Amino acid sequence: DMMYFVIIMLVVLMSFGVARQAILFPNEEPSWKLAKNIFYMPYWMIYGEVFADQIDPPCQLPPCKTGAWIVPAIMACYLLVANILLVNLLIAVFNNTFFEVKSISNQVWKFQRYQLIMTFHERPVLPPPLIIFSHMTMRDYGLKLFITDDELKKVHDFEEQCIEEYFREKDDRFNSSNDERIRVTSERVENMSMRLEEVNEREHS
Amino acid sequence: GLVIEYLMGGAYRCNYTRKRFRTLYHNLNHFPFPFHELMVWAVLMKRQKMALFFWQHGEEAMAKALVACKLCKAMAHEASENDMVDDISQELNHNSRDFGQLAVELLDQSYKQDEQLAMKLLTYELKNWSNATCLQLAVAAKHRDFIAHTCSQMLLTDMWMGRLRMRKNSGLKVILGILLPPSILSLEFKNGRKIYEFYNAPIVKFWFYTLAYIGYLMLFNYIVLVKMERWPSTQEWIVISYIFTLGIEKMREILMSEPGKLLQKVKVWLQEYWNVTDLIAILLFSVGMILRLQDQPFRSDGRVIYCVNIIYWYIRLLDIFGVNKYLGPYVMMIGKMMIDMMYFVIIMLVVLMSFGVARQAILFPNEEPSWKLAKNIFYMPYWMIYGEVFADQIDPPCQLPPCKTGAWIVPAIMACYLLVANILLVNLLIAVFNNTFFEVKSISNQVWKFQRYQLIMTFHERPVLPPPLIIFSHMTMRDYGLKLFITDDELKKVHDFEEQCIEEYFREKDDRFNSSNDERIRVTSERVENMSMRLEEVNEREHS
Ligand SMILES: COCC(CCO[C@H]1CC[C@@]2(C)C(=CC[C@H]3[C@@H]4C[C@@H]5O[C@]6(CC[C@@H](C)CO6)[C@@H](C)[C@@H]5[C@@]4(C)CC[C@@H]32)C1)COC
Ligand SMILES: COCC(CCO[C@H]1CC[C@@]2(C)C(=CC[C@H]3[C@@H]4C[C@@H]5O[C@]6(CC[C@@H](C)CO6)[C@@H](C)[C@@H]5[C@@]4(C)CC[C@@H]32)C1)COC
Ligand code: NA
Ligand code: NA
């Protein structure tokens, strides 16, 4: 998300820098320093380094360059666009996407604990600086668990009881829901109404 | 027929005003699709129940729904513009929204049931509805929920890709093919001639246009960053040629607009802000260029005009960025937040001007009338709030010159000004941006999805060459991408598919309604009341 805003900021910064350099220095031979003056000072400005005497020098003083009065105006517009609009929009973007990112990050970290534990289980005792010797020299628990027949049967019985309880609890929750009770009541009321109509249909008197 | 043509829009034509129907009419039968006529009549007479009954009988349900939506919208606008009772307008708007919702639900059902036939249903030509398509009718009615649907978006993507089967990684391969013409033959094509089908896809035209614009911007930067001679250089000539070719292309795309009046097309074109800004920029560049070929002061003024003009061409890259799935909505959000920023700029200006006037008046009490006074009010107080705070200049000490009367108040008002500006208003603006982000983001996404269609159409209707090279193409002067021509048997297949879809939609809606809790409770209560009355009557009798 930060990179998606860096591009727009770069566009605005380059526009301002090219305009300022072109206006203030109208007699320049082609040189690689021109590519540097576009980005350097306009980038430092938005981080608090604002110097009005350098962005627009006064003009005893050397003669005024044509159109030298436009530099402060475009500078004001550039500062307003950069430090107020885009920064606050990026703050809003970070603020409004925080919850889902945080939850996903928590889940991913909890998942990735396993590989860390396995990696440090499968590693030598000595740390890297002195594992050299180990290189030349070259699961009861931490990975598995070997169980006996009686304990295996105990685990099987426990699992069967758990699955039976799960299904029974699910059925009990379903049968006592409001929707199911309403549906069953409506069906029974309809059948009872038909039965009572048939009973009243007869005329034994 | 004349009223239908008036309400539908510009290029629409009704069957009543065509030669065949006039010849039948003026020498006196039958209607192959009577429910079309019946539904149009019901909509024109503002009979919503009759129109809804007529909609679900016959063929072409989605086309009829879109046409009804457009007609109701136009009728509501006409009633609102003639100063009527203004409740007819809201009734007609409700009718239009109902028909639009019906169209969206039918499209959703069709896409869920079968995607390929759903896409075929949105593109086949409608002989009964002025040779239009469902997509065109949805765009003409400005139905955003219809265009922003998944099926419409995938259809737009397929039309954007042209006759190219690649979907996993585009852009890079398109650029490689443009840069390496021999590399074109390594790409897969839908069902020599690969060059023609490559250089005519809309995406290839877009990338060619983008590369040409990037090169033009590079040359403009070069010419402004180096020293000018008496006469323009080669790069300057290329820049001028690009500007001129773009200008004539914009001029000629106005003469291909739908309205037949020269003065009507101009005001229709002048409704996108980018077009107005492009026109203003071209006029300014022309002024600067004609002022550049003169003596040194005029040449300097023209060069300054060039320097100011390059900023717009830099900013215009956001329009190109708007094609990206993520950058376009962000640009729309920026445009929408500018208004909230402007509503706070005014208050900030009021506070800033108060502080600046106070400081200037106190510190300099012997000033002659001059224009520099208007500059000292705004300059330094504005620079201060961006980190440029200098206590030795806001309140100079006073070997030292004698102290001005009341010079001690400047730091106090400065402290109050900084506290008000950098703490209160900035944080309030942050809260305003934070608390309006969700709706702005959703609206921007919907608008970008809707506006993809016009981009695809624009790059379908454009020449192969980019502006700097279309200089020749100006002198030289839809099987797909717009429509889809279908055969009789496939037309019958599409009709049967649509009828099955609408039947399934109604059946599913009825099943959902009958099994709701509220309906079951209501029916149970009524049956219980009737059963209680019947049992009371049964117990009333005394046969013992
Ligand atoms: C000291 O002596 C140096 C000399 C070499 C002088 O060559 C110069 C010719 C113009 C050139 C190539 C140079 C500096 C600015 C350069 C611009 C920076 C621009 O930035 C970019 C910025 C981002 C782009 C979007 C726009 O353009 C360039 C297209 C632009 C750019 C690279 C155009 C090229 C310019 C070097 C020695 O020769 C042997
Ligand atoms: C070097 O020689 C220059 C001289 C011209 C002298 O005329 C001066 C007369 C006062 C005048 C017109 C001038 C500068 C400050 C000007 C103020 C700035 C104020 O700002 C505004 C700011 C915003 C408003 C809300 C408040 O007032 C003005 C009403 C105010 C304002 C425009 C009043 C007018 C002032 C020019 C030559 O004469 C031929
Ligand atoms: Na700061
Ligand atoms: Na600072």
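Derivation of every value follows stated rules applied to the coordinates shown; laboratory data play no part. Note that each Cβ is placed from the backbone with ideal geometry, even for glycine, and that neighbours are counted across all protein chains shown.
Only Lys, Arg, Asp and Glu count, each charged at its Cβ (+1, +1, -1, -1), so figure out the dipole size of segment B:168-266 about its Cα centre, rounded to 20 debye.
200
Quick check on the exposure proxy: order B:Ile362, B:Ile310 from fewest to most C-beta atoms within 10 angstrom.
B:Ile362, B:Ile310
Which is farthest toward the positive dipole end of chain B among B:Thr476, B:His26, B:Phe344, measuring Cα position about the Cα centre, with Cβ charges +1 (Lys, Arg) and -1 (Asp, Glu)?
The listed residue farthest towards the positive side: B:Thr476.
Provide B:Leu71, A:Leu34 in ascending order of the number of other Cβ atoms located within 10 Å of each residue's Cβ, fewest first.
So the ranking, lowest neighbour count to highest, is A:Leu34, B:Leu71.
With charges only on Cβ, +1 for K and R and -1 for D and E, what is the dipole size of the protein assembly as shown about its Cα centre, in debye, rounded to 20?
That gives the protein assembly as shown a dipole magnitude of about 3760 debye.
In a shell of Cβ-Cβ distance under 13 Å around B:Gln500, excluding B:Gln500 itself, what net charge do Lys and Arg (+1) and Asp and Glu (-1) give? Please list the in-between numbers first.
Values: positive: B:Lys112, B:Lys492, B:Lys493, B:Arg507; negative: B:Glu59, B:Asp114, B:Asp496, B:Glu498, B:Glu499, B:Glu503, B:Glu504, B:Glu508.
Local net charge: -4.
Out of B:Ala68, B:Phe513, B:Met457, whose Cα points farthest toward the positive end of the dipole of chain B (charges: +1 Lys, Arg; -1 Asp, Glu; placed on Cβ)?
Value: B:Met457.
Got a sec? How would A:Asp56, B:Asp488 order by Cβ neighbour count within 10 Å, fewest to most?
B:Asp488, A:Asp56
How large is ³J(HN,Hα), in whole Hz, for each residue of segment A:114-121 in order, when computed from phi with the Karplus curve 6.51 cos²θ - 1.76 cosθ + 1.60 and θ = phi - 60°, using x for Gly and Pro?
For segment A:114-121, the Karplus curve yields 4, 5, 4, 5, 5, 4, 7, 6 Hz.
Taking θ as phi - 60°, what are the ³J(HN,Hα) couplings along segment B:214-227 by the Karplus curve (6.51, -1.76, 1.60), each to the nearest whole Hz, with x for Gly and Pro?
Those phi angles translate into 4, x, 4, 5, 4, 5, 5, 4, 4, 5, 6, 8, 10, 7 Hz.
About the Cα centre of segment B:307-465, how large is the charge dipole given +1 on each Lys and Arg Cβ and -1 on each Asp and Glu Cβ? Please answer in debye to the nearest 20.
Working: 11 positive and 9 negative charges, 121 e Å.
Dipole about the Cα centre, nearest 20: 580 debye.
Along its principal axes, what span do the Cα atoms of the protein assembly as shown show, with the longest given first and each in whole Å?
130, 99, 74
Would you tally the net charge around B:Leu491, using a Cβ to Cβ cut-off of less than 12 Å, leaving B:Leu491 out, and scoring K and R as +1, D and E as -1?
Taking every Cβ under 12 Å from that of B:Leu491, the sum is -4.
Just from its helices, what would the mean residue ellipticity at 222 nm be for chain A, if runs of 4 or more DSSP H residues each count -39500 (n - 2.57) and the sum is divided by every residue, rounded to the nearest 500 deg cm²/dmol?
-22000 deg cm²/dmol
Search the structure for amide H atoms under 5 Å from the amide H of B:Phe189, placed 1.01 Å from N in the peptide plane, and list their residues when 5 or more places away or on another chain.
Counting only residues 5 or more places away or on other chains, the set is B:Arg165.
Tell me, what HN-Hα J-couplings in whole Hz come from the Karplus equation 6.51 cos²θ - 1.76 cosθ + 1.60 at θ = phi - 60° for each residue of segment A:66-74, using x for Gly and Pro?
Going residue by residue, I get 5, x, 5, 7, 7, 4, x, 5, 5 Hz, with x marking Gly and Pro.
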